[PDB]
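target_31.cif (mmCIF, C-alpha atoms)
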data_coords
#
loop_
_atom_site.group_PDB
_atom_site.id
_atom_site.type_symbol
_atom_site.label_atom_id
_atom_site.label_comp_id
_atom_site.auth_asym_id
_atom_site.auth_seq_id
_atom_site.Cartn_x
_atom_site.Cartn_y
_atom_site.Cartn_z
ATOM 1 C CA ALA A 90 -63.057 180.699 24.635
ATOM 2 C CA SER A 91 -59.764 180.364 26.492
ATOM 3 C CA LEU A 92 -58.315 178.825 23.294
ATOM 4 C CA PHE A 93 -59.457 181.639 20.975
ATOM 5 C CA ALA A 94 -56.605 183.793 22.334
ATOM 6 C CA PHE A 95 -53.836 181.557 20.936
ATOM 7 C CA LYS A 96 -52.749 182.510 17.422
ATOM 8 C CA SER A 97 -52.168 178.859 16.492
ATOM 9 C CA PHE A 98 -55.763 177.946 17.367
ATOM 10 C CA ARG A 99 -57.276 180.785 15.323
ATOM 11 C CA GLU A 100 -55.317 179.661 12.255
ATOM 12 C CA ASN A 101 -56.588 176.078 12.471
ATOM 13 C CA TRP A 102 -60.109 177.308 13.272
ATOM 14 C CA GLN A 103 -60.245 179.218 9.985
ATOM 15 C CA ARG A 104 -58.407 176.479 8.086
ATOM 16 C CA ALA A 105 -60.894 173.921 9.424
ATOM 17 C CA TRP A 106 -63.870 176.078 8.442
ATOM 18 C CA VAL A 107 -62.482 176.373 4.904
ATOM 19 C CA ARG A 108 -62.003 172.596 4.718
ATOM 20 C CA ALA A 109 -65.622 171.908 5.678
ATOM 21 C CA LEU A 110 -66.869 174.601 3.290
ATOM 22 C CA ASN A 111 -65.152 173.028 0.284
ATOM 23 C CA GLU A 112 -66.546 169.597 1.167
ATOM 24 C CA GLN A 113 -70.173 170.755 1.114
ATOM 25 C CA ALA A 114 -69.529 172.446 -2.240
ATOM 26 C CA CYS A 115 -69.228 168.950 -3.743
ATOM 27 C CA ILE A 121 -70.098 174.451 -11.850
ATOM 28 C CA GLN A 122 -68.089 174.096 -8.635
ATOM 29 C CA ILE A 123 -67.196 176.798 -6.098
ATOM 30 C CA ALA A 124 -64.077 176.527 -3.947
ATOM 31 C CA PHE A 125 -62.515 178.639 -1.198
ATOM 32 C CA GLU A 126 -58.852 178.925 -2.182
ATOM 33 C CA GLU A 127 -56.944 180.682 0.597
ATOM 34 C CA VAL A 128 -57.605 180.864 4.331
ATOM 35 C CA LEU A 131 -57.079 187.843 8.875
ATOM 36 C CA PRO A 132 -60.456 189.492 9.605
ATOM 37 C CA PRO A 133 -60.397 193.247 10.330
ATOM 38 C CA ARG A 134 -62.608 192.802 13.405
ATOM 39 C CA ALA A 135 -64.204 189.732 14.984
ATOM 40 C CA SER A 136 -65.671 188.871 18.371
ATOM 41 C CA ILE A 137 -67.221 185.927 20.218
ATOM 42 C CA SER A 138 -69.433 186.946 23.138
ATOM 43 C CA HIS A 139 -72.080 185.631 25.530
ATOM 44 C CA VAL A 140 -70.421 182.228 25.900
ATOM 45 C CA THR A 141 -72.882 179.964 27.727
ATOM 46 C CA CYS A 142 -72.754 176.260 28.607
ATOM 47 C CA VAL A 143 -76.019 174.578 27.619
ATOM 48 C CA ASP A 144 -74.879 171.026 28.437
ATOM 49 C CA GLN A 145 -71.924 169.515 30.316
ATOM 50 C CA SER A 146 -71.641 165.730 30.043
ATOM 51 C CA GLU A 147 -68.903 163.465 31.392
ATOM 52 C CA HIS A 148 -66.937 163.435 28.113
ATOM 53 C CA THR A 149 -68.593 166.241 26.101
ATOM 54 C CA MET A 150 -69.498 169.911 26.444
ATOM 55 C CA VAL A 151 -71.968 172.056 24.481
ATOM 56 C CA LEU A 152 -71.561 175.836 24.312
ATOM 57 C CA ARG A 153 -73.417 178.693 22.639
ATOM 58 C CA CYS A 154 -72.121 182.148 21.768
ATOM 59 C CA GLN A 155 -72.577 185.147 19.481
ATOM 60 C CA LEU A 156 -70.220 185.391 16.501
ATOM 61 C CA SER A 157 -69.605 188.413 14.291
ATOM 62 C CA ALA A 158 -67.011 189.674 11.828
ATOM 63 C CA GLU A 159 -66.591 192.732 9.615
ATOM 64 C CA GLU A 160 -65.079 193.098 6.135
ATOM 65 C CA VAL A 161 -63.586 189.608 5.939
ATOM 66 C CA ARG A 162 -61.866 189.193 2.568
ATOM 67 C CA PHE A 163 -61.083 185.879 0.886
ATOM 68 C CA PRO A 164 -60.827 184.571 -2.685
ATOM 69 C CA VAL A 165 -63.302 182.174 -4.273
ATOM 70 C CA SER A 166 -62.682 180.168 -7.444
ATOM 71 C CA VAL A 167 -65.386 179.055 -9.877
ATOM 72 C CA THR A 168 -64.500 175.937 -11.874
ATOM 73 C CA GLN A 169 -66.450 174.712 -14.910
ATOM 74 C CA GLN A 170 -65.825 171.227 -16.300
ATOM 75 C CA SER A 171 -66.474 170.550 -19.987
ATOM 76 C CA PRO A 172 -65.506 168.090 -22.772
ATOM 77 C CA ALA A 173 -61.836 167.299 -22.104
ATOM 78 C CA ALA A 174 -61.284 170.718 -20.551
ATOM 79 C CA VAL A 175 -61.343 172.605 -17.251
ATOM 80 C CA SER A 176 -61.930 176.357 -16.959
ATOM 81 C CA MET A 177 -61.513 178.455 -13.829
ATOM 82 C CA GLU A 178 -62.135 182.068 -12.789
ATOM 83 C CA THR A 179 -61.371 183.547 -9.367
ATOM 84 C CA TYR A 180 -63.251 186.304 -7.547
ATOM 85 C CA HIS A 181 -62.778 188.665 -4.610
ATOM 86 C CA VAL A 182 -65.355 188.141 -1.850
ATOM 87 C CA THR A 183 -66.029 190.550 1.022
ATOM 88 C CA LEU A 184 -68.305 189.168 3.746
ATOM 89 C CA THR A 185 -69.779 190.730 6.882
ATOM 90 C CA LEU A 186 -71.387 188.559 9.560
ATOM 91 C CA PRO A 187 -73.534 190.428 12.117
ATOM 92 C CA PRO A 188 -73.919 188.944 15.614
ATOM 93 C CA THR A 189 -75.493 185.512 15.219
ATOM 94 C CA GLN A 190 -75.637 182.426 17.411
ATOM 95 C CA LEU A 191 -73.741 179.181 16.874
ATOM 96 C CA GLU A 192 -73.254 176.093 19.042
ATOM 97 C CA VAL A 193 -69.727 174.797 19.684
ATOM 98 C CA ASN A 194 -69.629 171.118 20.678
ATOM 99 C CA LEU A 195 -66.594 169.622 22.429
ATOM 100 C CA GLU A 196 -65.922 165.893 22.767
ATOM 101 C CA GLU A 197 -62.916 164.019 24.138
ATOM 102 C CA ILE A 198 -61.660 161.319 21.760
ATOM 103 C CA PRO A 199 -59.475 158.617 23.384
ATOM 104 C CA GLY A 200 -56.040 158.463 21.794
ATOM 105 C CA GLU A 201 -56.641 161.394 19.419
ATOM 106 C CA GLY A 202 -57.459 164.569 21.348
ATOM 107 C CA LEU A 203 -60.414 166.956 21.651
ATOM 108 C CA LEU A 204 -62.897 167.055 18.762
ATOM 109 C CA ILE A 205 -64.434 170.505 18.217
ATOM 110 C CA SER A 206 -67.526 171.059 16.074
ATOM 111 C CA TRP A 207 -69.672 174.123 15.458
ATOM 112 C CA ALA A 208 -72.597 175.295 13.347
ATOM 113 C CA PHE A 209 -74.978 178.239 13.176
ATOM 114 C CA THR A 210 -78.160 177.742 15.193
ATOM 115 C CA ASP A 211 -80.144 180.194 13.036
ATOM 116 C CA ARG A 212 -79.858 181.532 9.491
ATOM 117 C CA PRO A 213 -77.168 184.250 9.666
ATOM 118 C CA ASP A 214 -78.052 187.570 8.025
ATOM 119 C CA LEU A 215 -75.030 187.618 5.741
ATOM 120 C CA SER A 216 -74.055 190.586 3.568
ATOM 121 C CA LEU A 217 -71.287 189.665 1.124
ATOM 122 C CA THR A 218 -70.176 191.097 -2.217
ATOM 123 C CA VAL A 219 -68.393 189.486 -5.164
ATOM 124 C CA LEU A 220 -66.168 191.198 -7.728
ATOM 125 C CA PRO A 221 -64.018 189.477 -10.402
ATOM 126 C CA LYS A 222 -60.231 189.803 -10.695
ATOM 127 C CA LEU A 223 -60.230 190.648 -14.428
ATOM 128 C CA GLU A 234 -73.614 186.183 -12.894
ATOM 129 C CA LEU A 235 -72.094 187.573 -9.701
ATOM 130 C CA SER A 236 -75.554 187.289 -8.121
ATOM 131 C CA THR A 237 -75.539 183.489 -8.358
ATOM 132 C CA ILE A 238 -71.991 183.176 -6.991
ATOM 133 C CA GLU A 239 -73.196 185.139 -3.955
ATOM 134 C CA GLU A 240 -76.009 182.689 -3.175
ATOM 135 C CA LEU A 241 -73.724 179.649 -3.429
ATOM 136 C CA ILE A 242 -71.316 181.174 -0.904
ATOM 137 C CA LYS A 243 -74.172 182.255 1.371
ATOM 138 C CA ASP A 244 -75.788 178.819 1.082
ATOM 139 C CA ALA A 245 -72.538 177.051 1.991
ATOM 140 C CA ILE A 246 -71.591 179.296 4.919
ATOM 141 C CA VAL A 247 -75.078 179.091 6.440
ATOM 142 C CA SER A 248 -75.212 175.281 6.227
ATOM 143 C CA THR A 249 -71.715 173.939 6.920
ATOM 144 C CA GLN A 250 -70.880 172.437 10.316
ATOM 145 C CA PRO A 251 -67.071 172.456 10.487
ATOM 146 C CA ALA A 252 -65.014 170.211 12.730
ATOM 147 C CA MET A 253 -61.412 169.997 13.903
ATOM 148 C CA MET A 254 -59.152 167.901 16.137
ATOM 149 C CA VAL A 255 -56.930 169.443 18.825
ATOM 150 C CA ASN A 256 -54.796 167.890 21.579
#

Could you express the structure from this file as structure tokens?
Amino acid sequence: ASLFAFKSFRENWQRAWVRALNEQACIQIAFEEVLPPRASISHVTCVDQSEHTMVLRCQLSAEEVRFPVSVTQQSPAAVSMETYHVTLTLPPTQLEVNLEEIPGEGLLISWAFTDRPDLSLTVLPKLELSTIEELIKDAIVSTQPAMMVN
């Protein structure tokens, strides 16, 4: 929580979440660019505290987060691609952040939703949208991002 106040950490946090999201995607959906109008982490609690690790739980929420998503279709000797505008809203839901000290590398951070988040996102092209929504929802609900700090 003390690290969520540094701008540099928030950037990598989002950039790490986008990296994990694209991995699980492997039609093919991809999150292009990395910001949110309003976000908040609350009720930070320490469930476990080992000698070299630490497990935390908290409530995460964001409103009107906007990011592009690209749909890529591979075909005989060809690649097509169409990008969309996505607007997501995450109500307060619980995730578990896991910290682990790695010798010679830094501090490994990992997180994942503990329960299915009640997402409410919309998709609109940039000049079926229903299916693109479920692929994004399915990825966000399942991914367990990770990142290395120092």

Name the closest residue to residue 198 in chain A among the candidates A:114, A:247, A:175, A:255; distances are taken between atoms, counting only C-alpha atoms.
A:255

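Between CA of residue 243 in chain A and CA of residue 154 in chain A lies a distance of 20.5 Å.
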
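Residue nearest residue 122 in chain A, chosen from A:245, A:156, A:215, A:93 and counting all atoms listed in the file: A:245.
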
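Residues in contact with range 95-101 of chain A at 12 Å, where all atoms listed in the file are counted and same-chain residues fewer than 6 positions away are skipped, are listed as residues 107, 108, 127, 128, 131, 132, 135, 205, 251, 252, 253, 254, 255 and 256 of chain A.
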
List the residues matched by the PyMOL selection byres ((chain A and resi 223) around 10) in the displayed structure as a count of residues only, ordered by chain and then by residue number.
6

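With CA of residue 209 in chain A on one side and CA of residue 192 in chain A on the other, the separation reads 6.5 Å.
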
Could you please determine the separation between CA of residue 123 in chain A and CA of residue 176 in chain A in Å, to one decimal place?
12.1 Å

Contacts of residue 140 in chain A at 7 Å (all atoms listed in the file; same-chain gap of 2+ positions) as a PDB file with C-alpha atoms, in the frame of the given file:
ATOM      1  CA  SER A 138     -69.433 186.946  23.138  1.00  0.00           C
ATOM      2  CA  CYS A 142     -72.754 176.260  28.607  1.00  0.00           C
ATOM      3  CA  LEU A 152     -71.561 175.836  24.312  1.00  0.00           C
ATOM      4  CA  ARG A 153     -73.417 178.693  22.639  1.00  0.00           C
ATOM      5  CA  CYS A 154     -72.121 182.148  21.768  1.00  0.00           C
TER       6      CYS A 154
END

Env of residue 196 in chain A: 10 Å cut, atoms = all atoms listed in the file, seq-sep filter 3 positions within chain, self excluded. Answer as a count of residues only.
13

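Across A:171, A:157, A:249, A:113, the tightest approach to residue 134 in chain A is made by A:157 when counting all atoms listed in the file.
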
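With all atoms listed in the file as the atoms that count, the minimum distance from residue 106 in chain A to the choices A:238, A:207, A:195, A:216 is reached by A:207.
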
Nearest to residue 137 in chain A by atom-to-atom distance, counting only C-alpha atoms, from A:161, A:186, A:110, A:174:
A:186

Given the file above and the PyMOL selection byres ((chain A and resi 184) around 7), which residues are selected, and can you give them as a VMD selection string?
chain A and resid 160 to 162 182 to 183 185 to 186 216 to 218

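Between residue 112 in chain A and the candidates A:219, A:167, A:250, A:214, the tightest atom-to-atom separation, counting all atoms listed in the file, involves A:250.
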
Using all atoms listed in the file, what residues lie at most 6 Å away from (-61.4, 183.5, -4.4) (file coordinates), given as a PDB file with C-alpha atoms, in the frame of the given file?
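Output (out20.pdb):
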ATOM      1  CA  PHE A 125     -62.515 178.639  -1.198  1.00  0.00           C
ATOM      2  CA  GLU A 126     -58.852 178.925  -2.182  1.00  0.00           C
ATOM      3  CA  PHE A 163     -61.083 185.879   0.886  1.00  0.00           C
ATOM      4  CA  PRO A 164     -60.827 184.571  -2.685  1.00  0.00           C
ATOM      5  CA  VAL A 165     -63.302 182.174  -4.273  1.00  0.00           C
ATOM      6  CA  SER A 166     -62.682 180.168  -7.444  1.00  0.00           C
ATOM      7  CA  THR A 179     -61.371 183.547  -9.367  1.00  0.00           C
ATOM      8  CA  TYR A 180     -63.251 186.304  -7.547  1.00  0.00           C
ATOM      9  CA  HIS A 181     -62.778 188.665  -4.610  1.00  0.00           C
TER      10      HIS A 181
END
